[PDB]
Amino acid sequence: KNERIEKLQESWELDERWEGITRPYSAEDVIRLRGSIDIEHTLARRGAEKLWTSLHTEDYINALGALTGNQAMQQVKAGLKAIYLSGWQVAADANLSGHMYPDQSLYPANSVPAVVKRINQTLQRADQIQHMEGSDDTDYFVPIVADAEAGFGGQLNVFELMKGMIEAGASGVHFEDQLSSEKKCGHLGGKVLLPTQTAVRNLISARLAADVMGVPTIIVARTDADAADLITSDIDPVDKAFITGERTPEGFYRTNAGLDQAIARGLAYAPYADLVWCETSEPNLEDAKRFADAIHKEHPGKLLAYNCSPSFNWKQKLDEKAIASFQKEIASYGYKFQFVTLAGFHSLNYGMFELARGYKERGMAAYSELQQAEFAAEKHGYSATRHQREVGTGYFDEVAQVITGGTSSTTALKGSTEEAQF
């Protein structure tokens, strides 16, 4: 009890991980909520330590939205150093209700944890295949940054969702300052802000959940206040600077949206978050720098996150040169976690539409074209054209050989069309 608490307090005081982070609660409070034993969360712990290190040693970390394990595995094979788990993509195509939803927190709260677990389990299998074949060359255990939306209710829903993300092996979790019952994609209308004090309580709840689980999980504070021109309540005096006095039929207060409202929220959330994220209506370098300088005046060195959103028309907003240089340029402002939220959705839907249309028009000629493009990608590191090997048929054959002392008559890769034709 003494030792357990003293060790926790010692970690908060000495570890540079917690520099500039406020905890408005004690080590004794955390140990009181932990129960009588510590449960180890190996992937969550390893991932969060690796992510913390990468954010401070890489020029920046660029990720793509992944909604299956296989998408994540190809992202790691292409050389990306983190996976982004979009709640938008989970609403669309990968939630535990099995419905297609817009991005309005309509799906079950345990849906993103479930996909974190799936992704970690695919990466484990990929690691096992590689390890079994004699190398540890590729590091398949890359950090997953997951979308917790507005936490699917109040501060206790936030607490439970943060714990579920850690249980599943997420390295980082983002929370946004929206009223959960009205939650929207950052690039839709009808965004309703929480009071500053409530959004702060959600970030404190996420940190308390991480502390109870015993894992230094990365917390990303997102503000929707650049575009949001509604707030649930006028209760917080710091929000009254932006309130016009008009009320909607629902009782929401209208506000003066813009960079001033977002900077105010960023500065409020910075002491309670590892990274700050400002949603924007277009990919604008000047706005990104303005936001960055505002945070950096009060919290120099504060890590920032940037949504390179497919909700933008990139060629409409930016010239070819500006597009090519965009990520390197914003990284120089402190945007060290950068992610294309819906890359997985667009990859999956475009790929299948074009394939199925080709197939409809030209039958097996369209499918052979795809198989040939796959053979052509092998020299750049693609391996999935050998699908039996990719999903672990070789790993399970070796399991069977260890079980039977190498006598099994029913191993799968020997006598396969893969070994004959590939």
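Each residue number is its position in the shown sequence, starting from 1.
*Asks:* With respect to the recorded C-alpha B factors, which stretch has the higher mean value, 179-187 or 71-79?
*Replies:* Mean CA B-factor is higher for 179-187.
*Asks:* When the Cα temperature factors in the entry are averaged, is it 326-334 or 169-177 that ends up higher?
*Replies:* Looking at the record's C-alpha B-factors, the answer is 326-334.
*Asks:* Tell me which of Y269, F339, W314, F345 tops the list for C-alpha B factor in the record.
*Replies:* The listed residue with the largest C-alpha B-factor is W314.
*Asks:* Given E298, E160, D211, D147, identify the residue with the highest C-alpha B factor in the PDB entry.
*Replies:* Checking the PDB record, the top C-alpha B-factor among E298, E160, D211, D147 is at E298.
*Asks:* For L55, does the deposited CA B-factor place it in the lowest, middle or highest third of the chain?
*Replies:* For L55, whose C-alpha B-factor we compare with every modelled residue in the chain, the answer is the middle third.
*Asks:* Can you work out whether the C-alpha temperature factor of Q261 puts it in the lowest, middle or highest third of the chain?
*Replies:* Middle third.
*Asks:* Against its chain's modelled residues, does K321's Cα B factor rank lowest, middle or highest third?
*Replies:* Highest third of the chain for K321's C-alpha B-factor.
*Asks:* Taking the chain's C-alpha temperature factors as the reference, tell me which third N62 falls into: lowest, middle or highest.
*Replies:* Middle third by C-alpha B-factor.
*Asks:* Lowest, middle or highest third of the chain for the C-alpha temperature factor of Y101?
*Replies:* Its C-alpha B-factor belongs to the lowest third of this chain's values.
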